[PDB]
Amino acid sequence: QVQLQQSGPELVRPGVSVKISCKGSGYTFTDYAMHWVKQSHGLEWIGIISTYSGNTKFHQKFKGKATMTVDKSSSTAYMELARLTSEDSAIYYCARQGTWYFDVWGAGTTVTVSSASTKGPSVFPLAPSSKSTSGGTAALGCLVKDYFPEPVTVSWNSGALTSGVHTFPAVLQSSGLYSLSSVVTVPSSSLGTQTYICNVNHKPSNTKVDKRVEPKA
């Protein structure tokens, strides 16, 4: 069905350059002009490219780096930012232009500008104990420590567990690496019987991890 599908998280050294994709699926791609937007961390329009003609208009401030292509045969719009600085670290949205407003948006692509090498998390358990129970419900979780760059995604039991799950925003540590927490609250009676995985995916380092969170007396 209708869906704008953007490239995954990118990490690029200062100075050099990066291109990101935005494939319109489920609909005639040429019928709709495609925009781009930069959520610095607040939206900021970058510009337009007509899937049909190929001409473009830009936010002044982005002339110099931002440049847009389309490949009609794959139904994919492309944006390229150049001379990359820390200012360019952000999430970049592609939003199809609808009749009356921006009507479909991509999930956005995360661009972290840094000369550093990718780094996949360590996953440590936050086991449920009496120190984590109240009213016959116990808290448990995973600690996704020391990765780079953002983002990681966490799920529980390959998506089958979703009530009671809190996945906290990542915190930047003093080392310059990220670390976040995902917890789920479950009934104390389920421990021992109903196992719990946390599934961590860090696409920039090609890291998948399942971690089983076992209780303690």
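Residue positions are given as counts along the sequence shown, with the first one as 1.
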{"property": "Deposited residues lacking coordinates between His41 and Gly42 (none, 1 to 3, 4 to 9, 10 or more)", "result": "1 to 3"}
{"property": "Segment of higher mean CA temperature factor, 188-196 or 150-158", "result": "188-196"}
{"property": "Higher-B stretch (mean Cα B-factor, as the entry records it), 172-180 or 62-70", "result": "62-70"}
{"property": "Which of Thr110, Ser75, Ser117, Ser122 ranks first by CA B-factor in the deposited coordinates", "result": "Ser75"}
{"property": "Third assignment of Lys203 from its chain's C-alpha B-factors", "result": "lowest"}
{"property": "CA B-factor placement of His35, once the chain's modelled residues are sorted into thirds", "result": "middle"}
{"property": "Cα B factor band for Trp105 (lowest, middle or highest third within the chain)", "result": "middle"}
{"property": "Entry-reported Cα temperature factor of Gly15, expressed as the chain third it lands in", "result": "highest"}
{"property": "Third assignment of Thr28 from its chain's C-alpha B-factors", "result": "highest"}
